[PDB]
Every structure is written in C-alpha cells, then in structure tokens.
Amino acid sequence: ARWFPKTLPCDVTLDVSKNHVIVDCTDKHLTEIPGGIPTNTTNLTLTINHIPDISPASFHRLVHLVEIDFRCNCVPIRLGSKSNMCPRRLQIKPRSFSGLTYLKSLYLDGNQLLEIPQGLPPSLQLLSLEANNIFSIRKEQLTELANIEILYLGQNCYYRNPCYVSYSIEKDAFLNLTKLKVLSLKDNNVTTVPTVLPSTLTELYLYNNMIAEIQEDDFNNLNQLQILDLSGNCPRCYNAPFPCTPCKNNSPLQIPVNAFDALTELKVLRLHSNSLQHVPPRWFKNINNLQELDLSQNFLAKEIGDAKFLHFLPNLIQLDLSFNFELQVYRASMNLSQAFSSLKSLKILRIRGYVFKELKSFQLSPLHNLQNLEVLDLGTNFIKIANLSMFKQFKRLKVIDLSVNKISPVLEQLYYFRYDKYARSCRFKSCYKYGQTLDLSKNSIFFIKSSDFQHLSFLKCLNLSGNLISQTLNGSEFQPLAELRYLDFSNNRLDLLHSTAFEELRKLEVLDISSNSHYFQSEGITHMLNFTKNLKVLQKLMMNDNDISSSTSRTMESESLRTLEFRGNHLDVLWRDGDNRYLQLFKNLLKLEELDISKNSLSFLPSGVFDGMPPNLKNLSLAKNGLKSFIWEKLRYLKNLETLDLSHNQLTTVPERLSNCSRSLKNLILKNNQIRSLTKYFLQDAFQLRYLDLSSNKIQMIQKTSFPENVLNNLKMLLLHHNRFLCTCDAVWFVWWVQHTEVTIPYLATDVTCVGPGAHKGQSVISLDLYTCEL
Amino acid sequence: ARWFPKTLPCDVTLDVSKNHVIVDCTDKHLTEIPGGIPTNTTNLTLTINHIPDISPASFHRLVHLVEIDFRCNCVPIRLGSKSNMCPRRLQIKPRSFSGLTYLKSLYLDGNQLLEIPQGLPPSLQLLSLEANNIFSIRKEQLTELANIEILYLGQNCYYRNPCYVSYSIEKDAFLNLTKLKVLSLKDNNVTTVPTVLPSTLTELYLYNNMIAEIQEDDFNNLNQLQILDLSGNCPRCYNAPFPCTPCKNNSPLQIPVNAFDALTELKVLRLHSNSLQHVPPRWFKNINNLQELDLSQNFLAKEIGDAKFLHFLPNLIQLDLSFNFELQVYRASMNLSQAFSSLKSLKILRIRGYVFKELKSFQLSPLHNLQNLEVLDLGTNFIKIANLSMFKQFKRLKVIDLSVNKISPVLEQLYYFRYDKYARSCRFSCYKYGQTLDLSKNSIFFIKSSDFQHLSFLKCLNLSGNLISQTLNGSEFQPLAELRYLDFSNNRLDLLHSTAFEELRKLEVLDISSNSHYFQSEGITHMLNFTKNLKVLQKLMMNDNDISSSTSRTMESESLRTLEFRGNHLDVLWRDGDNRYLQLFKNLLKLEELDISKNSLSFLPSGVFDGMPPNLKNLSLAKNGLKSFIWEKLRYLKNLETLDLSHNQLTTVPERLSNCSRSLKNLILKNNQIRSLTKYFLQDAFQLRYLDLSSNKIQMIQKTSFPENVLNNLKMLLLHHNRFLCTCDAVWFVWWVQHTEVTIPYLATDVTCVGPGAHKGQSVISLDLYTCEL
RNA sequence: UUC
RNA sequence: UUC
Ligand SMILES: *[C@@H]1O[C@H](CO)[C@@H](O[C@@H]2O[C@H](CO)[C@@H](O)[C@H](O)[C@H]2NC(C)=O)[C@H](O)[C@H]1NC(C)=O
Ligand SMILES: *[C@@H]1O[C@H](CO)[C@@H](O[C@@H]2O[C@H](CO)[C@@H](O)[C@H](O)[C@H]2NC(C)=O)[C@H](O)[C@H]1NC(C)=O
Ligand SMILES: *[C@@H]1O[C@H](CO)[C@@H](O[C@@H]2O[C@H](CO)[C@@H](O)[C@H](O)[C@H]2NC(C)=O)[C@H](O)[C@H]1NC(C)=O
Ligand SMILES: CCCCc1nc2c(N)nc3ccccc3c2n1Cc1ccc(CN)cc1
Ligand SMILES: CCCCc1nc2c(N)nc3ccccc3c2n1Cc1ccc(CN)cc1
Ligand SMILES: *[C@@H]1O[C@H](CO)[C@@H](O)[C@H](O)[C@H]1NC(C)=O
Ligand SMILES: *[C@@H]1O[C@H](CO)[C@@H](O)[C@H](O)[C@H]1NC(C)=O
Ligand SMILES: *[C@@H]1O[C@H](CO)[C@@H](O)[C@H](O)[C@H]1NC(C)=O
Ligand SMILES: *[C@@H]1O[C@H](CO)[C@@H](O)[C@H](O)[C@H]1NC(C)=O
Ligand SMILES: *[C@@H]1O[C@H](CO)[C@@H](O)[C@H](O)[C@H]1NC(C)=O
Ligand SMILES: *[C@@H]1O[C@H](CO)[C@@H](O)[C@H](O)[C@H]1NC(C)=O
Ligand SMILES: *[C@@H]1O[C@H](CO)[C@@H](O)[C@H](O)[C@H]1NC(C)=O
Ligand SMILES: *[C@@H]1O[C@H](CO)[C@@H](O)[C@H](O)[C@H]1NC(C)=O
Ligand SMILES: *[C@@H]1O[C@H](CO)[C@@H](O)[C@H](O)[C@H]1NC(C)=O
Ligand SMILES: *[C@@H]1O[C@H](CO)[C@@H](O)[C@H](O)[C@H]1NC(C)=O
Ligand SMILES: *[C@@H]1O[C@H](CO)[C@@H](O)[C@H](O)[C@H]1NC(C)=O
C-alpha cells in the first residue's frame, strides 16, 4: 500500500492548513542529524539526543525551517543524566543558521553553551538559551537580534548550574531590541534590574536572583508591561527544600513606593518569597488593572489583618497569601482585615500556611459579599476546630479547600515550596465538575454524624479522603447531604457491617471507598458488599486496594451501576477452586459496562466466572494478575465485550481463532505476557477487531495466515514493539508487510528490532533489506 | 577439583552417622525418575514432578531405600496448577515396592490414586495417601499393613477434591493393625467414628467430616489416646470462607456424657466448630491429664459465664474459647465465670470473638490468682473502652493481646476461620523483650501519659495500626520506664519536636515505619535528629515514610547499630547540587546496618559515601533504579562487608574490584543489566566470599575475570538466569562449573545455554564440548 | 502443586 | 535529560 517505506527515525506530520512539515526526532539516541529529513520541513525537533555539533551541513537543504528545537543535546552535568554525561559542550560552527531565511524560533537550551550564538538570521523572533553557561550579556552580542520578540536566558547560573560569579549585563544591553516583548532572566544570580529595558516589554521574569533593591526608575519606561515576576529575591528560606541564602539582617526586597507607577497595563505581579513584612498601599496607586497578585512565602501574617492595599485592587481576580506565618507561632484564630470586602472581582483566594487553631464563621465575614468568589483555599493550616456549617454562607463557591488540616470532633503536591514551578522540561515546550466541593481530605476526622453537615445540603462533592474514619456507617451519618453526587471516602477505615451504609445519599453518582482495607484484613468480620442495592442513581463505584477476600453477601446488586473498580482485592480467595458461592458476585449489577478486576492474584480463572458476569459488560481488565492460562472460548459468554485487557500476565498462547471466541471484541490488550508465537489463523475473520497490542512479548515470527489483510486494514493501531523478531528468510512476508503497511504501529524507529541472526542483531526491521532471500 | 561432574538434577547429601544417602529431586520438572541415582540412596524425594508411573524398574537398584517421598505427581485438578493439569492419575505397576525390604515411609499423597496400593513391604511403618481419590476402606486392602504405625488418609473427599458419596469404612477395618498409633481421616466426608479401632492409637484425627453423633463406646478401648480432634463436625458456618454445610435442626455434634471415660491418657481435645451450646462437666470426669482444649467456633457465649466443667481441668495448660459470640449480639461486657479460678495450671487463655463493648478490671478477677498464666488473648472483640491500667494485676504475663479492637479515648492472619490449618503442602516480633501489651489495630487517636499509669513493667508496646496523628514531645509515655520495644508503625506521627520518645530511656527498638502522612505535605517541619536523646537505641525503622525533606541536616545517635530507611525519597534529599543532607547519617557513629533501598536513587551524588558513618558493614541500595555507580568510591567504606545492589539497572562491574574495597565479603548484583564482566574483575579480590550475578544478561565469563584463586574461596556463587553463549570460547567456564567445589544453586534448572542453536536451552552442567578439543 |  |  506504501511504495516507499519510511525509514527516518523521526515522526513526520503534515498539517497543510498551516503548511507545516513537522519532523519530531525527540529522544532517538541520535549522534548526528539523520539523513533524509524532508526538504520541506518547517518544524524540526531534535531535543534529547547526543548530536555533538552543528554546521552549515546540518540544515543545508532545509531552507524552509521556521523552527529548530535543538534542546538538551549537552545538558549541564548536575541537570543531566549521570549515566550518560555529556563529555563536551555543543559545537556551533560559523554559518550554521544564517542561510535559514525563514527561521522564527530557535531553542538551544541545555547545551552547555558559553556565549550567545552569532550569525543568527534577522527573521528570528524567539531565541531560547536556558540551562547553558552564559552569564555575561554584552550589547555587541545582541545586535544580531534586532527583530527578536522572545528571549529566554534563565537557569544559566543557579545552584543546579553554578557559574560562581554574579551575572553581568551591560548597561542598555537590551534597549535597542525595539521589538522585545518577553525577557526571562530567572535563576541567574542577577544582582540588579538591568536598565534601560525596551518599552515594548510585556513580560519580565527576574525571579530567583540576588536582587536586593529595586530602584525607583528601574521600571520607568515599561508602560506596556503586563506580567512582572520578582519572586525569590531576598527569599524566605524556612523549610526550603533547596539551598537558600536570605538577604542579610532578615531584610526584605526593597521596593520604592513609586516603583510600579509606570505600569498601568500590569495584570500579573508575582512577589513570592521576597521576605516582605508590609505591602504599601502606595505600590498600587496607578495599577487599576491588576488581576493576579502572588504574595505567598513572605512575612505578612500581621499585614493580613490590616491590608489597606486591598482597597486599591477592585479588579483583582486571584490573590495568594499562603505561607506567611510567623516562625514558631500557632495563632488562635485567623484575622482577615475588613479590607478584603473591597476585592469585588475576587475569584480565587488562597491562604495556606497561616497556621491557626480554630476557624470561626465570623472570621470569614469580610468575604461574605464577594460575589464572584469561587475558590477559598485554607489548606495546610493545622486547623483543629471548624464548624463546617459556616459554609452555608458560601454556596456560590466552586471549591472550599480545607485539605491537610487537623480538623476533628488543582495544584500539584509540590507547589509553594519548589524552586521554579514554571521551569521547562527537556522534553516539552477530580470531582469539581460535579459542582460545589468541600475538600476535607487529609484531616483527623475519626467519627462523623449527621449534624456535622447541617446546612450543607447544597454540596455536590465531599472529599473525606485520608481521614481516620473507623466507623460502621448505617445510613444516618450524611443525612443533610441531599444533593451530593460524589463522595470520596478513600483512605479511611470504613466498616461495611451494614448494607444500609451511604443509603441516605440518594443523589450519589460516584462513591470512592478505595484503600479502606483495615477491616477486610481481619478474619471472621462481617462485610456487606450488597450495600449498592439502595443507591438508585449510583453510576461509578471504586473499591480498589481493599484486600477483600471474604464477603457475607454473595451478590452485589444495582440497577444503575455502570463502572466498578475492584482492583487490588483477593478474588483469587473468593473464587478458590471448588468454592462456587461468589461466582455471581457481579452478575446482578445489571447495567455494568466496565469492570476492573486487575491485581487480584488470579493466576487462573475458575469455570463459572465468565458465565457469572453481568450481561452488558463491555470493558474488562484482568491485568496484573499473574494469569498463567486462559480458556479463550469462555469469552463467548460475554456477548457485549468490546475491550479485554490482559496486560502484564503470564500467558503463553493466543487462541487458534480469535473470531470463534468473541463476536464483539474490538480492543485486545496482550502486552507484557510470555507469548512466543501466534496461532496459524489467529486473526482469521476477526472483523470486529480494531486494536491489538502484542508488545513486550517474546514473539519470533509472524506469518500471513495469522494476520489477514482484511482484518489488518481495519485496525486503528497494532503494537508489536519489544518482541524477539527473527529476521531470517522465513520472515520475508512480515518484514515486507511492516515496511509497507499504512496501519499505525508505534516505535518502528526505536523498538521493532531484530534479535537475530548474528548479522542483523539490533537492526530495525523497517530498515531491513532481504534481497538475498530473492536471488 | 572434582574428577566426576555431578550431572544428576537432584541434590545429594550424606549424613554418615545415620548412613543416609539423601537424594532430593523436589520440583525439577522430571517426567521420569532420573538415571544414576546413588545405589546407596536411603531417602528419595520426588515430590512436585510429572512422573506418570512407577514400576519394578523405578527403584530396582535402590535396595536400601528407607523413605520414598513421591507426592504430588498427579495432584487432583482443583488442588493443582491450572496451567499444568495432570491428565491421568499416577500408574503404580505390580511389584514396584515389594523389593524395597527396608522401606518404612512411603508418601503417595496428591496423585489421584483410586485404591490403597498393594504389594507393600512388611517393613512399612508410615503410609501417606492424602489428596487422592480413595474413599472406601476395606479390611482386605489393609492386611498388607500389619506393622504400620502412621496412616494418613485425609483430604480424599472434601469440597476441593470431591468424591460425591459418603466415605465408607468397613467394620473393624483397622482393628488388626495392632501397631497403629496415628490415624488421620480428616477432610473425608466421614459419617461415623469407625469401630472398632485398635487400642494402640495415640492420635486420632476425625475433623472436618459429617459425623453427627458419637456413640457411647466409639472410644471405649482407646486408653492410650493422647490426641483426639473431632472439630468441624456440625460446623458453625457463620462467615466461613469455605463452602460450609451445618448439621440440620441447628444441632451440635452429639457427644454422650460418658464418651471420653476411657481416654485416661488424653492430653489434647479439639472440639472446634462443633456448634456446641453446652459443655457437660461429666465429659471430663476420667480425664484430668488434659492439657489442651480447643472450644473455639461454637455457640458457648452463655456457657462462658457458667462453665462448671472447668472445675475438672486443674492440669489444663491451654484453653481456647474464641469466636463463641451469639449472632447479632453486641454484649456490654465480658462475663467470665468464677470457675476460671480453678484452672490452676493455665498458661494460655484465648477468647477472641466474644464481642463486647467494655472491658473492666473486675471482669478479669477470676484470673487474678492463675500464677502460671502467660498469654491473655482478647483480640477481635470490638472492645471500645478499656482502662489499660487494669493490667497492673497481670505483670506476670508474657503477652496481653488486645489487637484488632476499637479501643479509643504467634498465630497467623488466618487461623480461626480456615478450613484445615494443619494441612500439608506439596513441597514440605517483640515477645523476646519481655512483657508485651499488643494494642495494634485499634482506634487510639490520642495518647497521654496517664493512659499508661501503673504499666511501668512493660517491655514491648505495640501501637501499630492505630490512628495516632499527634506531635509527640517526650511526655506521652512517661510511666513506661522499662519499655525496650515500641512499635509505632502505621500511624500518623508528626515529628515536629526533636524530644519525641526521649522519655523512653530504656528504648532499644523503635519502629516508626508507615507514618508517611505528615511527610507527604510540603512545607511542614520534621525533626529527624530526635535520635540524639535515646542513649540505648540499637535499631530504628523508618521505612515507607516518603521522607523527602528534613529541617535538621544530621541524625545522631551514639548507640544506633541498625537503621532501616527504605521507601523514602533520599533522591530528593540528595538532589544534585544540594549538599546539605550528604552527612545525614554520618554521626550515627555506631551504625553497622543501613537499608536505603527503594529510595528512587537513580544515581548517587558524590559525597554520599564520604558521608557514611565509619563502621557501616551492611549497606542495601537495592530497588533504586540505579543506572550508574562509581565503584571506586567504595574506598570510603572501610568496614563494608555486605553490599546489596539487587534490582537496579547497572550494566558494568568495576575494572578491578580489589581496588574498590579491601574488605567487601558479600556482593549482591542480582537482577541488573550486566552483559559482560571486566577483563580482570575479581583479580586478587581474596576477601570475597559471596557473589550473586544471577538474573543479569551475561553471555561469557573468562578466567581473566574469574581467577580460580578467588573463585574457590567463595561460599556461594550465583549465576542462574543469565545469557550464556556455549561456544568453544566458553570451554573454561563450562569446565569450571562442571567440576567446581563452590556451591552454585539451580544448576539443574536455570544455568542454561541460550545458544548457539544446537545447545539452546541446554544446561551447562550437561554440556559436552569435545568438538572444541579435536 | 494437599493450606 | 532545565522541574
Ligand atoms: C552567585 O554569585 C556569587 C558572587 O556574587 C558567588 O559567590 C562566590 O562563590 C565563590 C565560589 O563559590 C566564592 O569563592 C566567593 O567567595 C563567593 N562570593 C560571595 C560574595 O559569596 C556564587 O557562587 C554565585 N552562585 C552560583 C550558583 O553560581
Ligand atoms: C529419611 O527417612 C527416614 C525414614 O522415614 C526419616 O526418619 C524419620 O524421622 C522422624 C523424625 O522424628 C522419626 O520420628 C521417624 O521415626 C524416622 N523414621 C525412621 C527412623 O524409620 C528421616 O527423617 C528422613 N530424613 C530426610 C532428611 O528426609
Ligand atoms: C459427601 O456425601 C454426600 C452424600 O452423603 C454427597 O452428596 C450427594 O451428592 C450427590 C451428587 O452431588 C447428590 O446427587 C446427592 O443427592 C447427595 N446426597 C446427599 C445426601 O446430599 C456429597 O457430594 C459428598 N461430599 C463430597 C465433597 O464429595
Ligand atoms: C506551615 C508550618 C510549618 C512549621 C510547622 N510544622 C509543623 C508540624 N509538623 N506540626 C504542627 C502541629 C501543630 C501545629 C503546628 C505545626 C507545625 N508548624 C507550625 C508551627 C507552629 C508553632 C510551633 C511552636 N513553636 C511550631 C510549629
Ligand atoms: C466476630 C464478629 C463477627 C460479626 C461482626 N462483624 C462486625 C463488624 N464488621 N463491625 C462491628 C462493629 C461494632 C460491633 C460489632 C461489629 C461486628 N460484628 C459483631 C456484631 C455484628 C452485629 C451485631 C448486631 N447489631 C452485633 C455484633
Ligand atoms: C511550528 O513552528 C511555529 C513557529 O515557531 C510555531 O508557531 C508552531 O507552534 C510550531 N508547530 C509545531 C507543531 O511545532
Ligand atoms: C487584626 O490585626 C490587625 C493588625 O494586626 C489589628 O489592627 C486588629 O485589631 C486585629 N483584629 C482582631 C479581631 O484581632
Ligand atoms: C455549628 O453552626 C451551626 C450553624 O449555625 C449551628 O446550628 C450549630 O449549633 C453549630 N454546631 C457546633 C457543634 O458548634
Ligand atoms: C480528594 O482528595 C485527595 C487527597 O488530596 C485527592 O488525591 C483526590 O483526588 C480527591 N478526590 C477527588 C474526587 O477530587
Ligand atoms: C445508626 O447509627 C446511629 C449512630 O450510632 C444511631 O444514632 C441510629 O439510631 C442508627 N440508626 C439505625 C436505623 O440503626
Ligand atoms: C444483604 O445480604 C444480607 C444477607 O447476607 C441480607 O441480610 C441483607 O438484607 C442484604 N441487603 C440488601 C440491601 O440487599
Ligand atoms: C476500558 O477501561 C479502562 C479502565 O480500566 C479505560 O482506561 C479504557 O479507556 C476503556 N476503554 C474503552 C474502549 O472504553
Ligand atoms: C466456532 O466455530 C465452529 C465451527 O465454525 C462453529 O460451529 C461454532 O458455532 C463457533 N462458535 C462461535 C461462538 O462462533
Ligand atoms: C505489632 O502488631 C502488628 C500488627 O498486628 C504486627 O504486624 C507486628 O509484627 C507487631 N510488632 C511487633 C514488634 O511484634
Ligand atoms: C508536651 O505536650 C503535652 C500535651 O500537649 C503537655 O501536657 C506537656 O506539658 C508538654 N511537655 C513539654 C515538656 O512541653
Ligand atoms: C535538632 O535540630 C534543631 C535545629 O535544626 C535544633 O533546634 C534541635 O535542638 C536539635 N535537637 C537535637 C536533639 O539535636
């Protein structure tokens, strides 16, 4: 079907709308640019390789390049792999880019460059030099960048990539880049704001440096600036998980009261970790457009109770005041200034790490008439006492976040305490949807009762994950939560003694009781798995990692359940050969379409398991079970089966004729098994098959009988990588078909490889030439 | 060094005292008895193989056999592997055993046999036929067993191996085996006690059957019986995790009040799961040597407050009344009859599953003057309230077990609820420190010193698996002046204060593993230097805490010998460029054992080895994804004797091991990616005694890399599951492996050629390379 | 691969 | 393999 096989080890894409020819050679263990890159290539990506040099020959034919991404071919040693350290910095020979008349974007980050590469074409609009060893900027090295708009110079001098001197920038080095819009000088050991900067700037990143003071005229001309980030100058170093040097005498970053006067267009001001003790209202006199203000990791605990500057911020959308607590102080309560009531546009307020014992309703009164408020984040505050009914006055909010507290009767796990949360990787560049969410996860709730939720009938999602709840629920504990659609009860100690647990949550659609194994681990204890009968709109049930090996009831029942996750239990014990009592455990989940019973130690499946499945089962995972054998003909009982996941098991064979085992199967996942050959007529007449994963097995040969064209050409994807292909003359059909098929097969360039014979070991089958088999 | 390579795929051992030649072929994937078994073989084990038959040829030369263990060569289908189902039962041809004149133990369990094999030698003293399909015993099939002493016939008819009929035993079938001492008919669908049994019986196992009634004389003549087990006849089926049929009409096993009168020697009586509602005192009138009584899993809740029968048991050592609760009843308290006070000899009392809300000191008063009591087990009772000070009156006890309760302000995990806890396999803790209070798996969310009032005698406290989410400051355990062992694992310890635990001045072992909760949230203070104050601490476990940050940069202890730090994030703590924690363990000056496996250490920054404490002997870096290793930095570890690098991604060994460590005895490199050894790898590494290179990708090993003067000192050399290429280049290695004195495991099964073509799959021990010497 |  |  193909006349010319693609042997280039890069992915090639065509989006002819934008007439882009996209060549992506990311992470291909290349030591030179591969031959035969399309002449029409516009976007060429070579990041994460070991190409030691660039020369005029590098891009000789590729005159239409608009973007070269040549990052991370010589990463600085602390930043890069310690098993493949770059021995010598990337060599860029003269004239390598001057011929590239249409080049708009050049990324050379992570190559141990010592200077700004010269000879760049005047079409260039974006240059990226992060994670190099360039720490002196001279105006003469920037003359070539007359038309530049975006300049990334950061991460060239910091603790992971030291230069052992202060960063140097010549006076007015950037002034004559009259088109410059984005300047990033982060993580660079800079000591002063470089001046004078071009007045076209819209974004200026100076964070994680050694700037001790702002001059009153440092930002005088920047009347188009929208984003300014000065964070991490005079850092707050307490509990920093990176080497951190504070400004002497506990001093803050010193910012004159009029330093921001020119910045009428400013939308984002980031002053995180500047050891600030006050926020002068005068800072904001001429900024009436500010939408985002980050004041986290300062020393503003007192200021939060005063906060006159908030009166100047009526258009503010997002305010972050997290981690401003005074060292060694555990306050009694949270003192929020009345000034917070003037934040009329506020959507998001975060005050983690204020550290106080008791939250009381009146303490939130400055927020009552903030009509656009959507997120209130009070996590990581060691709160011990909180009457949850106070949120009856916050039904308009989307998320109330009290996660990680000590209450008892979406941001990443590392966020406020990382060095540079915006840093680029070498490779690239949740229940809120249900409605109002109260996040009580990771607290100390050991016992719950209905009155705890009084006046909270509006809640749609309650997150109780990771509390200490070791209690037999009987249907009385959540009675006010008449509207709840999603309950996360994971990581507790639920005792399913009563089949009436949760039945007061009459609108519940999703229940997560995963990782409640405690009471399932002790022998002889009653467990009622049939508690689902009473939940009349329950769509999804998660009970993963409960170690369930016994059940008092023999059947689960539901007229609504569509999805059951039952991973990490002991169905091998429940289904011990000779014990027929639980072979219909799921049969009466009449609407069940998706069943995950992976990781259940099922080394075999007893007869009756498939007959006992509910009638509309479509998607079954038996992954990671150590399955050693499988009666494929039993799939005939699953008349609606469309996806079968058997990955990560110990199967050695496929059925003689897949089509004779299931008339419905679309998606078959067999990756990571022990299969060494396919049956002679494996896929014969499997007209419904659309997706087949045979990767990471031990297959040596595949003949055409096993893989008929009329089936192969309906496949959306066929995965064959990481097998044991034997590239002898017996393999001529397979090698030819793989080279010439239009079926999608990933990793042809990297992991569809001959293991023999001797000559061809390690060779890609796509590059294989077998003419000697045709003499 | 050997002149004749051992090619037999069995382990051969000599005990020349008892002049036993022990040949063990367990689980060697044999389809025939191998040729060349020593003619002097006395013990031959063939269990877990696929030998389809036995014939006179089988043991024809092996005239000196005293024991044949030929179990599980055709396991019943439900009991065996479903990936290798035996297609047809073991065939035993006539005359196969009659020549074995010295044969005394024959194990034929697990072979789907249909009858008792005949032609057995008159020497036989033990015959084992478990897990077969023999469910009718006729006296004529047993005449051959005149001298037999031990007869195992169980597991021939039960739910995992059904026969679909009642078991049949002919009248007096066993009577004329006048030497029979042990009879096991368990798990067999038996309906009546077989009579008459020979009076030589010392042990009789009738449990898990369908016996509804004992007759008055079922045990009339058995005055030599020491163990009787009738458990599981009329079972209590509530929450049974196996198919369980109770006797009809809620009946118990019906035992006449005089049924045990003849049993003057009886020491062990097991009546577990017999649905008993009463225990008649008259049962025990003529047995007062009884030492062990199991009454668990009956309906004896009422009886426990009465229990007049206890007055007849003054020699009882061990009593079990667990799981006697009435269905759907949550009692307020435990009513123990005064009769318990007469159990003068009692060492072990177990009453799990009584199910009551509150334990009060008065309820235990009948036990106050039992001077030999050692174990009180009240686990799995759903107790909510218990003043722990009440155990001030039980300081003589070894273990007080309140585990798995709901308290708030060694037996296996499956024991009382398994079908047959004594069943055979085909193939085959802090009590030591003193008084132990086991509070594990309760609901304790907060602790205070007064909780431990009057418990200063405690040597080991187990708080594992409670709900303790608390910053300890050194005040919480003040009364426990003698505690040597604290298990605080699986809680939510908050190490805010470096004074945590410092009141436990005698503490030698601290387990704070699986307390990750407060370590998983960013920005929180943690004081890892809390070890300073514990001046006799020898062992500290802080596994699986996800530790990735620390406010203190050094831990110090002047006593700690063992630190377990597995399952943390030293990769984050030692992030390249951050030098602050590279001495975290340096000031544990007496540290000898350090486990930092499972720490995501894909590399070790320079300075980690310099930062190790000076006396480190045993270091685990296993399961780290380590991709590179500067072997020369081991020079800093001047006392290193064990280095565990298993389950990593290393590709090379050092060029000269001897230049890396002058002391290293034990190098574990299993489960890595090593594809060849360096040219002079072990040259002059005279101190090495143990090298595990198994599960790597090694193709060839030459004598340059493996000098004989080093290899022959090894206590063990592990090489299995590699990538061996058996060409003429391999002549030295193959010859050395065949003739070596050094122990190499799995030679018979997994030291194998992968090529070339001819030899693929062939064991190197059997390899013949004469064509290389033509 | 007798639990 | 810039976090
Ligand atoms: C940032 O610049 C400072 C100097 O401004 C560097 O500090 C010097 O480092 C060298 C070698 O480490 C020392 O000998 C000097 O005494 C230091 N000077 C001062 C004033 O401290 C620092 O190393 C630079 N940071 C990085 C990450 O390169
Ligand atoms: C080798 O076989 C003999 C014969 O069965 C085993 O000896 C028995 O050992 C037990 C251990 O207490 C004694 O009670 C029996 O009376 C012995 N039987 C005799 C002496 O005939 C011996 O244990 C076996 N050894 C091995 C290693 O398999
Ligand atoms: C134990 O014996 C009983 C009979 O005493 C067996 O039960 C019979 O089983 C057959 C086939 O399943 C039925 O047709 C009979 O009706 C049953 N009889 C009775 C009285 O129930 C039982 O199968 C045997 N148990 C085992 C494990 O084999
Ligand atoms: C964002 C807070 C980081 C520092 C910290 N760490 C902890 C911790 N591990 N546990 C606590 C438990 C209760 C109260 C405060 C803290 C605490 N705190 C706050 C704290 C407040 C007060 C004190 C008393 N000096 C010590 C610590
Ligand atoms: C060994 C006990 C097996 C049965 C059982 N299972 C549980 C369980 N999962 N949680 C409980 C929680 C509190 C009290 C009793 C039980 C209980 N119980 C005891 C029990 C259950 C039910 C009742 C009647 N409400 C009384 C007592
Ligand atoms: C291709 O390069 C252009 C110019 O730098 C850029 O705008 C576009 O996003 C790139 N597209 C892809 C798919 O890389
Ligand atoms: C809150 O703090 C501010 C400034 O510290 C103070 O003026 C005010 O009185 C405080 N209010 C309360 C209720 O503590
Ligand atoms: C919590 O506040 C609610 C709402 O005003 C009130 O009804 C209730 O009494 C309070 N409960 C507690 C325990 O303070
Ligand atoms: C509940 O909170 C836990 C703990 O932070 C989190 O992992 C989980 O995703 C949350 N659940 C939902 C449904 O958002
Ligand atoms: C459920 O339990 C609660 C708390 O123990 C109790 O108040 C209520 O009476 C119980 N309800 C039923 C129907 O058992
Ligand atoms: C669950 O099963 C038990 C029997 O084990 C029964 O008592 C109970 O009524 C059942 N509950 C529901 C809701 O079906
Ligand atoms: C099948 O279910 C799995 C979850 O186990 C899901 O990830 C996958 O996308 C589903 N596939 C289809 C085709 O529905
Ligand atoms: C399998 O194939 C045979 C022969 O073609 C046919 O009789 C049988 O009905 C088939 N079974 C299924 C489920 O397709
Ligand atoms: C403490 O109890 C746990 C849980 O039952 C047990 O696993 C652990 O071994 C015990 N600790 C000691 C030191 O015995
Ligand atoms: C430790 O904390 C407990 C409980 O909070 C308190 O009673 C005690 O005074 C504290 N001890 C010290 C030495 O601070
Ligand atoms: C542990 O270190 C902290 C500071 O990091 C110090 O305040 C504390 O006293 C130290 N404690 C011990 C026992 O060394």
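So you know, we letter chains A, B, ... as the sequences are listed, proteins then strands, and number each from 1. Below, all heavy atoms of this structure are taken into account, side chains as well, without hydrogens, waters or symmetry copies.
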B:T47 side chain to B:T45 side chain, donor-acceptor N/O pair below 3.5 angstrom
no

Using whole Å, report how far CG of A:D577 lies from P of C:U1.
11 Å

For the side chain of B:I48, counting heavy atoms from C-beta on, which of D:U1, C:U2, C:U1 is nearest?
C:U1

May I have the distance from A:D27 (atom CG) to D:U1 (atom P), rounded to whole angstrom?
10 Å

Determine which pairs satisfy salt bridge (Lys or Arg N to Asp or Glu O under 4.0 Å) with at least one residue from residues 73-84 of chain A, sequence neighbours left out, and list them in order.
A:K82-B:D576

Expressed as a whole number of angstroms, how long is the span from B:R427:CZ to C:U1:P?
10 Å

Separation of atom CZ in B:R424 from atom P in C:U2, rounded to whole Å
12 Å

The side chain of B:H50 lies closest to which of these nucleotides: D:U2, D:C3, C:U1?
C:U1

Checking only heavy atoms, does the side chain of B:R71 share a donor-acceptor pair with the base of C:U2 at less than 3.5 Å?
yes

Strictly below 4.0 Å: does B:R160 bring a side-chain N or O up to OP1 or OP2 of C:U2?
no

Would you indicate, yes or no, if C:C3 has its OP1 or OP2 atom less than 4.0 angstrom from a side-chain nitrogen or oxygen of A:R576?
yes

Atom CD of B:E130 and atom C1' of C:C3 are separated, to the nearest Å, by 11 Å

Using 30° and 60° as the class boundaries, would you call the ring planes of A:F242 and A:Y419 parallel, tilted or perpendicular?
perpendicular

Is it true that A:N161 and A:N133 share a donor-acceptor pair across their side chains at a distance under 3.5 Å?
yes

For the pair made of OH in A:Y415 and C1' in D:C3, what is the distance, rounded to whole Å?
14 Å

Check the phosphate of D:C3 against A:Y158, side-chain N and O only, distance under 4.0 Å to OP1 or OP2. Yes or no?
yes

With respect to the side chain of B:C426, which nucleotide from D:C3, C:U2, D:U1 is positioned closest?
C:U2

B:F323: partners by ring pair (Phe, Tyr, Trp, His ring centres under 6.0 Å), with sequence neighbours left out
B:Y416, B:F417

Base, sugar-phosphate alone, or nothing: which one does B:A423 contact when heavy atoms must sit under 4.0 Å apart?
sugar-phosphate

Between D:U2 atom P and A:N132 atom CG, what is the distance in whole Å?
13 Å

May I ask you to say what B:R78 touches in the nucleic acid, namely base, sugar-phosphate or nothing, with a heavy-atom cut-off under 4.0 Å?
nothing

Under 4.0 Å, counting only non-hydrogen atoms across every strand here, what does B:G80 touch: a base, just sugar-phosphate, or nothing?
sugar-phosphate

To the nearest Å, how far apart are B:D578 CG and D:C3 P?
13 Å

